[PDB]
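This is start14.txt (compact mmCIF, C-alpha atoms).
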# COMPACT_ATOMS: atom_id res chain seq x y z
CA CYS A 10 9.90 -17.12 11.46
CA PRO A 11 11.38 -13.63 11.36
CA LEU A 12 8.59 -12.55 9.02
CA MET A 13 5.02 -13.64 9.24
CA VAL A 14 1.93 -12.46 7.41
CA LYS A 15 -1.69 -12.48 8.29
CA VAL A 16 -4.64 -11.45 6.14
CA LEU A 17 -8.25 -11.10 7.21
CA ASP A 18 -11.58 -10.56 5.45
CA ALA A 19 -13.72 -7.80 6.94
CA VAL A 20 -16.69 -8.72 4.73
CA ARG A 21 -16.98 -12.30 6.01
CA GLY A 22 -15.30 -12.17 9.44
CA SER A 23 -12.77 -14.86 8.51
CA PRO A 24 -9.14 -15.52 7.57
CA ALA A 25 -8.32 -14.72 3.93
CA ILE A 26 -7.29 -18.16 2.74
CA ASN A 27 -5.44 -18.97 -0.45
CA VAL A 28 -4.13 -15.48 -0.80
CA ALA A 29 -1.00 -15.05 -2.87
CA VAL A 30 1.76 -13.04 -1.28
CA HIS A 31 5.10 -12.24 -2.84
CA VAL A 32 7.99 -10.74 -0.92
CA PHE A 33 10.42 -8.54 -2.86
CA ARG A 34 13.84 -7.37 -1.60
CA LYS A 35 15.11 -4.00 -2.76
CA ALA A 36 18.24 -4.96 -4.80
CA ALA A 37 21.72 -3.43 -5.36
CA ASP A 38 20.43 -1.17 -8.09
CA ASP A 39 17.41 1.10 -7.51
CA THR A 40 15.26 -2.07 -8.20
CA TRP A 41 12.98 -5.02 -6.83
CA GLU A 42 14.24 -8.67 -6.37
CA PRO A 43 11.88 -11.64 -5.75
CA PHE A 44 12.62 -12.76 -2.20
CA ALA A 45 9.89 -15.19 -1.07
CA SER A 46 6.36 -16.24 -2.02
CA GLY A 47 3.52 -18.22 -0.54
CA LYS A 48 -0.21 -18.65 -0.31
CA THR A 49 -2.03 -17.94 2.95
CA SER A 50 -3.26 -20.93 4.91
CA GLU A 51 -6.52 -22.07 6.46
CA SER A 52 -5.64 -19.69 9.31
CA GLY A 53 -5.06 -16.93 6.76
CA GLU A 54 -1.43 -17.01 7.86
CA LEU A 55 1.91 -17.41 5.99
CA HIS A 56 4.86 -18.80 7.98
CA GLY A 57 7.37 -20.64 5.78
CA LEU A 58 8.86 -17.44 4.48
CA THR A 59 12.49 -16.64 5.13
CA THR A 60 15.32 -17.48 7.38
CA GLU A 61 17.23 -15.96 10.21
CA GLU A 62 19.88 -14.16 8.30
CA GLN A 63 18.90 -14.78 4.76
CA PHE A 64 16.82 -12.03 6.16
CA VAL A 65 19.29 -9.23 6.61
CA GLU A 66 18.50 -5.58 6.65
CA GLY A 67 17.21 -3.76 3.58
CA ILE A 68 13.97 -2.44 2.13
CA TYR A 69 11.38 -5.13 1.62
CA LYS A 70 8.03 -5.18 -0.10
CA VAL A 71 5.09 -7.41 0.66
CA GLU A 72 2.75 -7.63 -2.30
CA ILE A 73 -0.68 -9.03 -1.48
CA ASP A 74 -2.88 -10.22 -4.35
CA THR A 75 -6.16 -8.80 -3.04
CA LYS A 76 -7.66 -8.50 -6.54
CA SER A 77 -7.71 -12.27 -7.00
CA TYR A 78 -8.96 -12.77 -3.46
CA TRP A 79 -12.09 -10.69 -4.26
CA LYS A 80 -12.92 -11.87 -7.79
CA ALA A 81 -12.85 -15.44 -6.46
CA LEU A 82 -15.79 -14.37 -4.31
CA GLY A 83 -17.71 -12.52 -7.04
CA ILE A 84 -16.75 -9.20 -5.62
CA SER A 85 -15.81 -6.11 -7.57
CA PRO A 86 -12.61 -4.79 -5.97
CA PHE A 87 -10.87 -1.41 -6.09
CA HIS A 88 -7.16 -2.04 -5.48
CA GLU A 89 -4.96 -4.03 -7.86
CA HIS A 90 -3.11 -5.39 -4.80
CA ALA A 91 -2.16 -4.43 -1.21
CA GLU A 92 1.44 -3.31 -0.93
CA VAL A 93 3.54 -2.91 2.25
CA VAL A 94 7.02 -1.36 1.97
CA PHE A 95 9.21 -1.44 5.04
CA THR A 96 12.79 -1.08 6.18
CA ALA A 97 13.97 -4.08 8.20
CA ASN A 98 16.60 -2.86 10.56
CA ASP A 99 17.19 -0.64 13.63
CA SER A 100 19.71 -2.32 15.78
CA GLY A 101 18.29 -5.71 15.84
CA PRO A 102 17.04 -8.98 14.81
CA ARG A 103 13.31 -8.55 15.23
CA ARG A 104 10.22 -10.63 14.35
CA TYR A 105 7.91 -8.89 11.87
CA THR A 106 4.19 -9.78 11.61
CA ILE A 107 2.44 -7.88 8.84
CA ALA A 108 -1.35 -7.92 9.13
CA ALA A 109 -3.80 -6.83 6.48
CA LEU A 110 -7.55 -6.37 6.87
CA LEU A 111 -9.32 -6.54 3.52
CA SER A 112 -12.46 -4.85 2.26
CA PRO A 113 -13.45 -4.41 -1.39
CA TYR A 114 -12.79 -0.66 -1.41
CA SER A 115 -10.66 -0.40 1.68
CA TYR A 116 -7.74 -1.90 3.43
CA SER A 117 -5.61 -1.50 6.49
CA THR A 118 -2.12 -2.83 7.15
CA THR A 119 -0.39 -3.02 10.54
CA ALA A 120 3.02 -4.20 11.74
CA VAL A 121 3.79 -5.96 15.02
CA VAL A 122 7.47 -6.44 15.95
CA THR A 123 9.28 -8.35 18.79
CA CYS B 10 -11.68 17.28 -9.59
CA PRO B 11 -11.50 13.71 -10.88
CA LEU B 12 -8.91 12.61 -8.34
CA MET B 13 -8.80 13.83 -4.77
CA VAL B 14 -6.74 12.64 -1.80
CA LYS B 15 -7.43 13.22 1.89
CA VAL B 16 -5.07 12.25 4.66
CA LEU B 17 -5.70 12.23 8.40
CA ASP B 18 -3.41 11.63 11.41
CA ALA B 19 -4.80 9.15 13.93
CA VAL B 20 -2.10 10.03 16.48
CA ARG B 21 -3.01 13.72 16.71
CA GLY B 22 -6.61 13.65 15.49
CA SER B 23 -6.03 16.22 12.76
CA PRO B 24 -5.60 16.60 9.02
CA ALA B 25 -2.12 15.53 7.87
CA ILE B 26 -0.70 18.67 6.24
CA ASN B 27 2.24 19.12 3.92
CA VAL B 28 2.34 15.42 3.06
CA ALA B 29 3.88 14.82 -0.36
CA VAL B 30 1.81 12.80 -2.82
CA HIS B 31 3.02 11.51 -6.17
CA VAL B 32 0.65 10.11 -8.78
CA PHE B 33 1.93 7.61 -11.27
CA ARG B 34 0.31 6.30 -14.40
CA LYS B 35 1.23 2.81 -15.55
CA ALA B 36 2.78 3.47 -19.02
CA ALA B 37 2.76 1.70 -22.33
CA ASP B 38 5.60 -0.57 -21.34
CA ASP B 39 5.14 -2.55 -18.06
CA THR B 40 6.42 0.64 -16.28
CA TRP B 41 5.39 3.70 -14.13
CA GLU B 42 5.24 7.32 -15.41
CA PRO B 43 5.05 10.47 -13.31
CA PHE B 44 1.61 11.97 -13.84
CA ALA B 45 0.88 14.42 -11.03
CA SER B 46 2.35 15.68 -7.76
CA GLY B 47 1.27 17.88 -4.87
CA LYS B 48 1.14 18.39 -1.13
CA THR B 49 -1.83 18.19 1.23
CA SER B 50 -3.43 21.45 2.34
CA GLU B 51 -4.14 22.77 5.83
CA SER B 52 -7.18 20.51 5.66
CA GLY B 53 -5.28 17.37 4.63
CA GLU B 54 -6.50 17.68 1.06
CA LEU B 55 -4.92 17.58 -2.38
CA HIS B 56 -7.16 18.82 -5.22
CA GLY B 57 -4.83 20.28 -7.89
CA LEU B 58 -4.24 16.96 -9.59
CA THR B 59 -5.56 16.18 -12.99
CA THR B 60 -8.40 17.13 -15.28
CA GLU B 61 -11.08 15.66 -17.59
CA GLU B 62 -9.50 13.55 -20.33
CA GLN B 63 -6.02 13.98 -19.36
CA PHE B 64 -7.28 11.59 -16.74
CA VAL B 65 -7.72 8.63 -19.11
CA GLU B 66 -8.30 4.99 -18.54
CA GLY B 67 -5.42 3.12 -16.98
CA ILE B 68 -3.68 1.78 -13.93
CA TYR B 69 -2.54 4.52 -11.59
CA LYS B 70 -0.48 4.53 -8.39
CA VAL B 71 -0.88 7.08 -5.57
CA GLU B 72 2.22 7.14 -3.39
CA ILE B 73 1.89 9.02 -0.10
CA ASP B 74 5.15 10.01 1.54
CA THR B 75 4.19 8.98 5.05
CA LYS B 76 7.81 8.44 6.12
CA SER B 77 8.74 12.13 5.96
CA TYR B 78 5.56 13.22 7.76
CA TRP B 79 6.23 11.00 10.79
CA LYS B 80 9.94 11.89 10.81
CA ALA B 81 9.25 15.66 10.82
CA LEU B 82 7.22 14.86 13.91
CA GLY B 83 9.92 12.99 15.83
CA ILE B 84 8.32 9.65 15.15
CA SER B 85 10.13 6.71 13.63
CA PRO B 86 7.64 5.00 11.27
CA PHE B 87 7.56 1.48 9.88
CA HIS B 88 6.32 2.09 6.33
CA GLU B 89 8.51 3.67 3.71
CA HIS B 90 5.39 5.15 2.12
CA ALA B 91 1.71 4.36 1.51
CA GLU B 92 0.93 3.05 -1.95
CA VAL B 93 -2.52 2.89 -3.59
CA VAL B 94 -2.79 1.06 -6.92
CA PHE B 95 -5.97 1.01 -8.98
CA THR B 96 -7.58 0.71 -12.39
CA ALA B 97 -9.42 3.92 -13.28
CA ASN B 98 -12.10 4.66 -15.90
CA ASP B 99 -13.89 1.66 -17.51
CA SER B 100 -17.61 1.90 -17.10
CA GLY B 101 -17.47 5.65 -16.78
CA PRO B 102 -15.07 8.43 -16.27
CA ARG B 103 -15.44 8.32 -12.45
CA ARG B 104 -14.58 10.69 -9.55
CA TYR B 105 -12.03 9.28 -7.12
CA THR B 106 -11.56 10.25 -3.54
CA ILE B 107 -8.71 8.37 -1.87
CA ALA B 108 -8.64 8.59 1.92
CA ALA B 109 -5.66 7.60 4.03
CA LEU B 110 -5.58 7.32 7.82
CA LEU B 111 -2.06 7.24 9.21
CA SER B 112 -0.48 5.93 12.42
CA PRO B 113 3.22 5.21 12.96
CA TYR B 114 2.91 1.45 12.38
CA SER B 115 -0.45 1.35 10.65
CA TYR B 116 -2.28 2.99 7.76
CA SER B 117 -5.69 2.41 6.23
CA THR B 118 -6.75 3.41 2.74
CA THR B 119 -10.34 3.78 1.58
CA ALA B 120 -11.66 4.82 -1.83
CA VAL B 121 -14.91 6.65 -2.63
CA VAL B 122 -15.99 6.39 -6.27
CA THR B 123 -18.77 8.52 -7.81
Please go through the file and, once you have read it, give me the structure as structure tokens.
Amino acid sequence: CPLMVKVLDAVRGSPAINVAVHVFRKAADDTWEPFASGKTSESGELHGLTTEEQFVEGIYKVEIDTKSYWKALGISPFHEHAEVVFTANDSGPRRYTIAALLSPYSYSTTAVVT
Amino acid sequence: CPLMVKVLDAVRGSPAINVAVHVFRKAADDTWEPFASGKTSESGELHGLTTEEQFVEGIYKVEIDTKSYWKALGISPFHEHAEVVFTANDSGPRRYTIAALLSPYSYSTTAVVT
């Protein structure tokens, strides 16, 4: 799948399972359309996302519900969510893997394409 | 200052200067209002922001224009910008220091609350 997502937990050294992730597509008008959604797996990964050229180029947004992730634990978090806004589109069909490493007061996001 | 931002460049090992930062305050209606704006200083810092109880309780968004920074450089980044969303004030009027560490395809955001 053209777009994959992976989330890890830096506090426990494990995949961030059961994490909600919504994918928005920047619409015709200045605004955000719901594009895809899922919950991370046992592997902390989300595959079923989108298709080949349902996925076309545009600005996308990956919203990660980190707040819920943390409270589930009993942790006091800082961010409301983790957000990743990218442009899909150079000259190519790629493969986008967005990774996110979660801490209560800190997070990193990285992109790996091919 | 109640709200401070610091931004570093992991590619060059220096403060990220002249990076535009917009601060939004989630308004009465489900929506974002402009609250403060500025650019990072020679030391990668933005202090001019807000004040005492002007800064009120609420959900704010700190949007760092990473895209323009990398472009000015000759680098073609992945992120459109770096967004930081948080609930402020609650159990205290706090002091917020938001740190960002940028790379072309990666960014990390950390918060220091006192």
- atom CA of residue 84 of chain B and atom CA of residue 97 of chain A are how many Å apart? 16.4 Å
- Item | Of the listed residues A:120, A:93, A:71, A:45, that which approaches residue 107 of chain A most closely, counting all atoms listed in the file |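 The shortest atom-to-atom distance to residue 107 of chain A comes from A:120.
Separating atom CA of residue 47 of chain B from atom CA of residue 35 of chain B is a distance of 18.5 Å.
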- Note on the structure: Nearest to residue 74 of chain A, restricted to only C-alpha atoms and choosing among B:100, B:48, B:59, B:94, comes out as B:94
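For the pair atom CA of residue 65 of chain B and atom CA of residue 25 of chain B, the separation is 28.4 Å.
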- Task: Can you check which residues of chain B have any atom within 8 Å of chain A? Use all atoms listed in the file and format it as a ChimeraX atom specification.
- Result: /B:87-96,114-121
- Nearest to residue 11 of chain B: which of B:23, B:123, B:40, B:50 is it, counting all atoms listed in the file? B:123
- Message: Using only C-alpha atoms, can you tell me which of A:36, A:82, A:29, A:16 comes closest to residue 66 of chain A?
- Response: A:36
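Residue nearest residue 27 of chain A within the list A:101, A:77, A:67, A:60: A:77 [criterion: smallest interatomic distance, all atoms listed in the file].
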- For residue 98 of chain B, the closest of B:61, B:18, B:54, B:42 counting all atoms listed in the file is B:61
